[PDB]
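Colleague: Sequence and experimental coordinates follow.
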Amino acid sequence: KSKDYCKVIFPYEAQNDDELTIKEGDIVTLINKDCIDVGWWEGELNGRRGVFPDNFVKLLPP
Amino acid sequence: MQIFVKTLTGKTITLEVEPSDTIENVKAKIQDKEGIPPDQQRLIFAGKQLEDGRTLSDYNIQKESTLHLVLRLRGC
């Protein structure tokens, strides 16, 4: 499909207000890609918009 | 047992530790190697934020286990 879905294996916890809180076992739709540095992104979860390290997540091949 | 810490680009860091080592001590070893102050480092394993008053065995961390860490461009 057009956008990519990624499962997050290493869940974090509410770090900041400008940061998106994601827990393990949830899917977040990638709104827009990050610049050069591979490790940051943005997605919407629970009606929020915030950035999170994508390292803590893996790409699902299918 | 050896543990691994990944940075922004996923860098691999090998450390020598003892099961009796404290998390604060582990952070200190990372500071020595990478120059990152302990107050700017949050350790996470098994999906749960690791606490400074708990041990590695409490989180069922086994030999060759790898943790996940962030850099610090906005809020770590």
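Modeller: Sure thing, it's come through. Numbers count the residues shown, from 1 in each chain, chains lettered A, B, ... in the order given.

Colleague: Does the residue nearest to residue A:38 when sequence neighbours are not counted lie in a helix or a strand, and which?
Modeller: Excluding its sequence neighbours, the residue lying closest to residue A:38 (C-beta to C-beta, 6 or more residues apart in numbering or on different chains) is residue B:9, at 6.3 Å. (C-beta placed from N, C-alpha, C; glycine too.) Assigned by DSSP states H and E, residue B:9 belongs to neither a helix nor a strand.

Colleague: residue contacts, residue B:9?
Modeller: Neighbouring residues of residue B:9 by C-beta atoms under 8 Å, 6 or more residues apart in numbering or on different chains: A:37-39.

Colleague: most neighbours, which of the residues you listed?
Modeller: residue A:39 (18 neighbours; other C-beta atoms under 10 Å in any protein chain shown).

Colleague: Check whether that residue really touches residue B:71, as I assumed.
Modeller: Yes: the criterion here is C-beta atoms under 8 Å, and residue A:39 meets it with residue B:71 at 6.8 Å.
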